[PDB]
Structures are given as C-alpha cells and as structure tokens.
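What follows is a set of notes on a single structure, which appears directly below.
Number of protein chains: 2
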Amino acid sequence: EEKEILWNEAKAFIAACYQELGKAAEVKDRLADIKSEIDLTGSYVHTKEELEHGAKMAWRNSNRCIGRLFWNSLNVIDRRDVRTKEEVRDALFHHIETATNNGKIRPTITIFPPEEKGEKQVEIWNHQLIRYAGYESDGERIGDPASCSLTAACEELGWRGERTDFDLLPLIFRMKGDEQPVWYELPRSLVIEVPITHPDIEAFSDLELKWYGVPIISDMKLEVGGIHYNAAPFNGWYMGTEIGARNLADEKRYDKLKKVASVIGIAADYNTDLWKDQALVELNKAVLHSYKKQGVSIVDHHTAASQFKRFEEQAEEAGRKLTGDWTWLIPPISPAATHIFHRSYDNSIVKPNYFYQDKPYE
Amino acid sequence: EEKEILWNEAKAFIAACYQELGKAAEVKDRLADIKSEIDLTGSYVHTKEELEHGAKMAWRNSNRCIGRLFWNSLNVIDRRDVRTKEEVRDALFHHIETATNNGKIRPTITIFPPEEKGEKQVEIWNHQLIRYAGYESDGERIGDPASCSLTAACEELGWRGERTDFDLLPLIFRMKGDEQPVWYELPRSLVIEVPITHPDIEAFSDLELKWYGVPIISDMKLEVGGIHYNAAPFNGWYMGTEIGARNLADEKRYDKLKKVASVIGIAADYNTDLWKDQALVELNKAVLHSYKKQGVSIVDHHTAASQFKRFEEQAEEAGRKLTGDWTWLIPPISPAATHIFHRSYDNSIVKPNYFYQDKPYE
Ligand code: HEM
Ligand code: HEM
Ligand SMILES: N=C(Nc1cccc(COC[C@@H](CN)OCc2cccc(/N=C(/N)c3cccs3)c2)c1)c1cccs1
Ligand SMILES: N=C(Nc1cccc(COC[C@@H](CN)OCc2cccc(/N=C(/N)c3cccs3)c2)c1)c1cccs1
Ligand SMILES: C[C@H](O)[C@H](O)[C@H]1CNc2nc(N)[nH]c(=O)c2N1
Ligand SMILES: C[C@H](O)[C@H](O)[C@H]1CNc2nc(N)[nH]c(=O)c2N1
Ligand SMILES: [Cl-]
Ligand SMILES: [Cl-]
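These protein sequences, in sequence, are chains P and A. First residue of the first sequence? That's 1 in my numbering, and the numbers climb one at a time after it. First residue of the second sequence? That's 363 in my numbering, and the numbers climb one at a time after it.
In structure tokens form, the structure reads like this:
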C-alpha cells in the first residue's frame, strides 16, 4: 500500500507539473523511470524543476492563504544535500538572511531531505525560525504564551532565556540518529525587528512594543507527488492584522488592547464605546506605519484582499479550480470591507500542499 | 409521501415539545388524535402551547442567530384566525406597535394561517415590515439598493415613492384567491426612527443619516412539526454592526464610509491608513450612541457575543446539542475580539426552524 500511494501520487503530480511546464511529451518516459526507482528503492527523487514547481503548486493550493497571487515567484532553495547539523544550521541562517534581504522580503523556501520510511532526516522543532519565548509560572506571565511549551522544552536542553517579553528562541532541530535536538542561538545581526510607534500619537512608544520582521514557518510538511518534505521552512511577509489584531491583541497572546486604549486616551470601561475596536484600529495603523518606516515589507488587509481577488481572476482565466478556506481568508478586522467576506470558497484539499504534522515535543 | 412527511415531522416535534414542557405522558394520546386528523383532513392543527413553544424552539435552532440566549421569552401572537386583508393589515400594524413598545423592544412573532396544499393563505411580499425603498435609473441611485426590486413591484401596484433616501415602503401582501397583492402605507406614528449622531463629533449630523428602530423579518417560513407557517413575521432588536457595518457601510447598500471619513476629519486616500476601518468604528459608535440616546433597544457585538456564550453554556447544561453557523455568528467588525471567532460550531439543521422561501415577485 505504501508504494502504491506513492506511485499514484507521483503519476498525478508529474502529469500536472509537466503540463504546466509545457513538458507534456516527457511525462511517459519520466513516469517509467520513476516506476523503476520506486520498484527498486521504495521511493523516487525529484528533479530540481519538479521540486521547485511542486513547492510553488503547494503554495498555490494553500486554501488558508490570502497571499497566493505571488505563488509563481517563490524562491526555492534546494538543500536536499545536507547531512550534518552544522549544514542544517547554516542553511537556516542563510534562509533568514536571504529572505530578509535588508527588509525587502523575498518569499523563500528551503527544502531539506524528505522522509524515507516515514523516517525524518531532519526534524525541526521551531514553529517559526524567528519567534519570541514565553514563560508562565506562579501567576507570572512573560513573553509569548504561544511559545510556552517550546520554551520549556528548550530549557530542558541547557538553554536559558533572559525572560524579557521578547527573547529570541534559539534554532532547535534533531538529526536522524540523534536522540536529542541541538540548539543554536540566532545571530542578532540576522534578525530585523520593528519597534511599534504610531504616526500621530507620540505616547504609543511608551508601550515598548516590537515585532520581528520575517515570519518563517518551519513546522509544516510540504508534500509533493507522494514525497514528504517534513522539513521545508518557508516565509512570505506579514499582513499587518496578523501582528496588530492577533499576536499583540489576543488575550492568550500579548493581550495589549487595554494598554493601547490607555495610551490613545480612551476609556476601556463600556462595551458600547467600542473601545476594543478603536484600540485594534490604532494598533493596526501603528504596525503598518512602523514596518513602512523601518523599510520592512508588509501588506495591509485591504491591499492583500485586492491582490487575492486578482489571484481568483488569474485562476479562472488559467482554467484552474480555485480552492479556499473562507474562515481563514477573511481578515480579523473589517472583514466585510473585503470582497472575500461576500463570496464563498470550495475548501477541497488539492496536492501538492503544506500540511500540519505532529510536534516532536510536549 | 406528503402526509407521511407530515406524520413523521409531527411525531418528532410533539415528543420533543411535550418533553420540554413536562407533558411527556400526554404524547401518546395527542399523537393518536393527530394521526386521525391527518388521515381525515390531510393536516393537523397545533394547540396554542405547541405553536408558542414551536416558535421558540425554531428561534433556538436558528444557526445564524447570535441573539438566541433569549429564545424562551419570545412573545408569540396567534393570528391563525385571520381571514380578511383588513385583519392581516391590522395584525401587522399591531405587531409593529407592540414590538416597538415605545423603544423598549419586545421580541415578538405574529403567526398567520399556515399553508394547506402548499397553498398560501396569506403571502407577505415585504422583506421586513419596516424598510426603506430603493431606486436606480440612469446613473441615479436613491435609497436602499437592496429594496430596488420590491420598490419596483410596488410602483406597479399604484404606489409611488417620494424618492428620498429613506422612503418607508408600504405593507404589501396577497390573500389566497386574490391575483394581486394589496398595499397599505405605514402610519408614521407607529414607526420609530433614530437620527444618527456621534457622541464627540458634532459634524456627524451633517451626513443626515438615520435608521428605523425595529427590524421585523416578514419573508421567512416558520416550520413546526410539518406545518408550514409561510407568513409569520418576527422581530428582535438590532445588533449595532448590522446597521453600522453593513446597511450603512456596504458598497451595495448606503455606501457611506467615504462620507464618514470626511466628517471625522481623516483622509480616505491610502489603504495603509486603515481609513475604512476607522470610519467603520466611528460610524458604529455613532449608531450605538444614537439608539441609546433615543431610548431604543440595541446591543453591541461584544455584549451580544457575551450573551451568546451564555446561550452555549445553557445548552450544555440542559443537555442539548448546540448548532451554529460560524460564518454568520462572527460580527463583521473585530470578530477575533469575540470568543465565537475562536471556536467552531456544528451547522446541522434542526427543526422547528425558520427557512428561506421563494419571493412572490421578480
Ligand atoms: C508573500 C506574502 C504572504 C502573505 C502576505 C501571506 C498571508 C497569509 C496569511 C495572513 C495567512 C494566515 C495566517 C494566520 O492567520 O495565522 C497565511 C496562511 C498561509 N500561508 Fe500565506 N502569505 C504569504 C506567503 C506565503 C508563502 C510564501 C507560503 C508558502 C510557500 C504560504 C503558505 C501559507 C500557508 C500554508 C498558510 C496556512 C497556515 C496554516 O494553516 O496554519 N504563504 N498566509
Ligand atoms: C433579541 C434580539 C436579537 C438579536 C440581537 C439578534 C441578532 C441577530 C443577528 C445579528 C443576525 C444576523 C443578521 C444578518 O447579518 O443579516 C440574526 C439572524 C437571525 N436571527 Fe436573530 N436576533 C435577535 C432575535 C431574533 C428573533 C426574535 C428571531 C426569531 C424568532 C431570530 C431569528 C433569527 C434568524 C432566523 C436569523 C437568520 C436570518 C437569515 O438566515 O437570513 N432572531 N440574529
Ligand atoms: N490546530 C492544530 N494544531 C495547531 C495548534 C496550534 C497552532 C497551529 C498553527 O497555527 C497557525 C498559524 C497561527 N494562527 O501560524 C502562523 C502563520 C501561518 C502561516 C502564515 C503566517 N503568516 C505569514 N504571513 C507567513 C508565514 C510564512 C509564509 S507567509 C503565519 C496548529 C490541530 C489540533 C488537532 C489537529 S490539528
Ligand atoms: N440567499 C438567498 N436568498 C436571499 C437573498 C438576499 C437576501 C436574503 C436574506 O438576507 C438575510 C439578512 C440580510 N443580511 O436579512 C436581514 C436580517 C435577518 C435576520 C435578522 C436580522 N436582524 C435582527 N436583529 C432581527 C430581525 C428579526 C429578528 S432579529 C436581519 C436571502 C438565496 C439564493 C439561492 C438560494 S438561497
Ligand atoms: C458569502 C458569505 O457567506 C456572506 O458574505 C455572509 C458572511 N457572513 C454574514 N454574516 C451575517 N451576520 N450577515 C451576512 O449578511 C453575512 N454574509
Ligand atoms: C475556530 C476558528 O476556525 C479559528 O478561530 C480561526 C478563525 N480564522 C482564522 N483565520 C486566520 N487567518 N488565522 C487564525 O488563526 C484563525 N483562527
Ligand atoms: Cl505570526
Ligand atoms: Cl437589517
């Protein structure tokens, strides 16, 4: 059954991929080679063209992503050649540097060796390559609560956080054959952070908020033609609401709305005053302003939905079925001000795609 | 098949209804009577208790409604006795008066004779008993675009609107046996309207916005135990976002955000300024303020979600399955500031319930 799933997925992917690449005539001979390779080795190896286009197709198929207009300009870095933890670390350091690109963010994915017998070659523990630690003990909450369990796991491995609200977690990953992951501190010169200030309200800096420039998701599995790339960190740029309406706002994250209300000079006493809504708008204006001022890429939710509409039109004109998750595509502020809110989307799963996988800790 | 559907639906409803009413022992004899009645007449007649509780269950089962905490205090008016259009008109006038209750809105439903052979006894054309007309011709848009087709149909029946932005549509309904509906102008003394002003920004009244106090949905079918009450207008009070984030804001409704931006003194030039979001917040603060100032019931989305959470807890403690439509329950502004956004809901259809039915015009 193993190899059968593999061969069926391989067939569908190659045919589709080669169609899109105008390599339709080469499908027959390539599939034959693959059939042998699977027969003899239990798996097959993607060409650089297949791997690159596969990762792009996977992005294009991500139902929850509003940023898909730009799927075809994804920068694919092939690191299937890595064998050592020093090589993995340096590849992750490099991904951060080249994706950051001095603020002009380049959507990038680095692809490590794939699973074999469902056996991982490289196992990344980080949720994102750059993320803040979280601590909770005896009433005392510090940092990002979403990072509490990973932070606790790192502190089992000999690492110790400073316990500021913005400790950078180290890279943490395990190699096949090793019982424990290794950890490496991020060189701070590689990490761009943005202090949050407001265009009009000088007091806003009293909150001493900041966020990191580049979200690099490092815990999802990229699946291409039956091959499971469990280690394939990718990044785009932020949509501002992710930071302003969720990471800094959620009660189970940084929970800053009451403090925002105070510094913008409004009462946080009555639901009917819509103080949370107003705080959310000003915090979100501040985030966009700050990223712009710092020269770091970011998109607002209005422009992002406008781009997503173009992606819908592109799919229709290319004759491709469009899939999407309405519940994730709508932005968490003013969703009815976007076209997304007013239509529906088929949430069918199409491969290649990115998938959740079980955490190696907890 | 007709009567079979009826008998099966009747059985399920009576058993459930009588359970809830502690009338469990009376189920057997009541179902026997019903079986005879269906056998002989092709239908059955609800007791006043059944009808009242049925309408309440139908509200409780409305997946899209955030206001369901209060399902058991619904005021049910039984007008199955009506036979003439004067009686229907006076019943609708009365519903408006008693539901309005001088501003202290009473959730009410008036129930007219049900369908027979799928044959309507009373056919209501209005979407809501109180609603503004809409006109569109030669570039010129006036009033509420959502009312354009009904307005056009009324003007086929001898009625003529003043063509202000807030013309009250007349009541319009058809009696069984009549080929055309009749129309009646609403007595203005019955209709409370609220001028929209802002608590802090005096210029806001320059927009000359207003809305009506009581939304009374008059085009949905109430289904109870296999009986189809196609004419059963109901009302609650508004959640403020319905007026501020949708009726006055949508581009295909009153489309007021650019004018809001201007009167609150902000530019409407850059997406990154979040001017639409800020305009939405101030317009929504204004709506809540104005309804409160006028002594007309309204709820903000934060309080409404807080009430809905209690409804969820009530269902769990009563041992009832909770059903809901996440896509409708989330408010159209700051949805992630409500608990609703962060959980999921089973969207299964449970009866009794309210259902869409085909419009009698267009
Ligand atoms: C170019 C800039 C991009 C923007 C602005 C963007 C925007 C977003 C946003 C706002 C989300 C929702 C995240 C959340 O609410 O937590 C999302 C989800 C997602 N994006 Fe994108 N994205 C971009 C690029 C990419 C790239 C380069 C990939 C992969 C190659 C990708 C794949 C995904 C996936 C898989 C999800 C779903 C995550 C999940 O289910 O947990 N996106 N995107
Ligand atoms: C007591 C105050 C009430 C509030 C604040 C409330 C709130 C709401 C809101 C905000 C919606 C969504 C409407 C939209 O977006 O267009 C809704 C939908 C609904 N409500 Fe309620 N509601 C209330 C009372 C009632 C009552 C009394 C009934 C019936 C007896 C009812 C039945 C429904 C139904 C059927 C829908 C769905 C309409 C559709 O699918 O088009 N609600 N409610
Ligand atoms: N939900 C489960 N697991 C799970 C638990 C907690 C968290 C998560 C994953 O969180 C998804 C989101 C958080 N909203 O992750 C952040 C994210 C994902 C994708 C894009 C994001 N933003 C961006 N702009 C980008 C990053 C990289 C490229 S673009 C940001 C998953 C399950 C439980 C049981 C079965 S599945
Ligand atoms: N959608 C269809 N029909 C359709 C077309 C246009 C409009 C509609 C119905 O609109 C539903 C909404 C508009 N958002 O109606 C307003 C509404 C409904 C329910 C509650 C509302 N607000 C309230 N607070 C209340 C009113 C009465 C009691 S509470 C307000 C239905 C279909 C097309 C094909 C199959 S179904
Ligand atoms: C397509 C989508 O279902 C549609 O825009 C819905 C979204 N959620 C909604 N929710 C409410 N309360 N009212 C609405 O009219 C809508 N519109
Ligand atoms: C339960 C619900 O699906 C959950 O709260 C979702 C809603 N939509 C979302 N949409 C985005 N973009 N990100 C999220 O984390 C969530 N959370
Ligand atoms: Cl994030
Ligand atoms: Cl309405």
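For each residue, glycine too, the CB sits at the ideal point set by N, CA and C.
Quiz item: Hey, is residue 636 of chain A's beta-carbon within less than 8 Å of any beta-carbon in chain P?
Solution: yes
Self-check item: residue 303 of chain P at chain A interface by Cβ criterion, 8 Å
Solution: yes
Quiz item: Would you say residue 211 of chain P faces chain A, with C-beta separation under 8 Å as the test?
Solution: no
Quiz prompt | Three-state secondary structure (DSSP) of residue 341 of chain P | solution = helix
Quiz item: What is the residue span of the beta strand (DSSP E) that residue 407 of chain A lies within?
Solution: Premise fails: residue 407 of chain A is in no beta strand (DSSP E) and is neither H nor E.
Quiz item: Helix or strand or just coil, what does DSSP make of residue 592 of chain A?
Solution: coil
Quiz item: Under a criterion of Cβ closer than 6 Å to any non-hydrogen atom of ligand 8, which residues qualify, in chain order?
Solution: A:577, A:604, A:609
Quiz item: What residues from chain A crowd round residue 271 of chain P, counting only those whose CB sits closer than 7 Å?
Solution: 662, 664, 665
Exercise. Thinking residue 532 of chain A and residue 547 of chain A are a contact (beta carbons under 8 Å), I'd like their distance in whole angstroms, please.
Key: 5 Å
Quiz item: Going by beta carbon distance, what residues of the same chain come within less than 6 Å of residue 103 of chain P, once the five residues before and after it are set aside?
Solution: 295, 296
Self-check item: Proximity test, Cβ basis, 8 Å: residue 425 of chain A and chain P
Solution: no
Exercise. Answer with buried or exposed for residue 46 of chain P, where buried requires no fewer than 16 other C-beta atoms within 10 angstroms of its C-beta.
Key: buried
Quiz item: So, are the CB atoms of residue 95 of chain P and residue 110 of chain P less than 8 Å apart?
Solution: yes
Practice problem: Take every Cβ of the region 72-87 of chain P, pair it with every Cβ of the region 333-343 of chain P, and state whether three or more of those distances are shorter than 8 Å. | Solution: no
Quiz item: Under the rule that 16 or more other beta-carbon atoms within 10 Å means buried, what is residue 305 of chain P, buried or exposed?
Solution: buried
Practice problem: Specify whether the region 556-575 of chain A and the region 600-611 of chain A touch according to this definition: at least 3 beta carbon pairs, one from each stretch, less than 8 Å apart. | Solution: yes
Quiz item: residue 193 of chain P bridges to which residues according to DSSP?
Solution: P:212
Self-check item: ligand 6 site residues, beta-carbon cut 6 Å against heavy atoms
Solution: P:327, P:328, A:703, A:704, A:705, A:706
Quiz item: Does any CB atom of chain A fall closer than 8 Å to the CB of residue 283 of chain P?
Solution: no
Quiz item: How is residue 222 of chain P classed by DSSP in three states: helix, strand or coil?
Solution: strand
Quiz prompt | CB contact flag (residue 507 of chain A, residue 430 of chain A, <8 Å) | solution = no
Quiz item: Residues in its own chain within less than 8 Å of residue 5 of chain P by CB, not counting five upstream and five downstream?
Solution: 226
Quiz item: Is the distance from the Cβ of residue 303 of chain P to the Cβ of residue 688 of chain A below 8 Å?
Solution: no
Quiz item: Are residue 380 of chain A and residue 386 of chain A closer than 8 Å when you measure CB to CB?
Solution: yes
Quiz item: Going by C-alpha distance, which of A:537, A:535, A:592 is nearest residue 480 of chain A?
Solution: A:592
Quiz item: Hey, residue 580 of chain A and residue 486 of chain A are a contact pair by Cβ (cut 8 Å); roughly how many whole angstroms apart?
Solution: 5 Å
Exercise. Can you give me the start and stop residues for the alpha helix (DSSP H) that residue 471 of chain A sits inside?
Key: Segment 470-473 is the beta strand (DSSP E) holding residue 471 of chain A; no alpha helix (DSSP H) there.
Quiz item: Heavy atom of ligand 2 less than 7 Å from the Cβ of residue 419 of chain A, yes or no?
Solution: no
Quiz item: Using a Cβ-Cβ distance under 8 Å, would residue 121 of chain P count as near chain A?
Solution: no
Practice problem: Count the C-beta pairs between the region 549-567 of chain A and the region 641-652 of chain A that are closer than 8 Å, then say yes if the count reaches three, no if not. | Solution: yes
Quiz item: Hey, out of A:528, A:454, A:463, whose CA is closest to residue 494 of chain A's CA?
Solution: A:528
Self-check item: Closer than 8 Å at the beta carbon, the chain P residues around residue 654 of chain A
Solution: 272
Quiz prompt | Reference residue 525 of chain A, options A:716, A:605, A:510, closest by Cα | solution = A:510
Exercise. Would you list the one or two residues that DSSP bridges to residue 632 of chain A?
Key: According to DSSP, residue 632 of chain A bridges with nothing at all.
Self-check item: Proximity below 8 Å, CB of residue 691 of chain A to CB of residue 376 of chain A
Solution: no
Quiz item: Can you name the residues of chain A whose CB is closer than 8 Å to the CB of residue 205 of chain P?
Solution: Simply none; closest approach about 19 Å.
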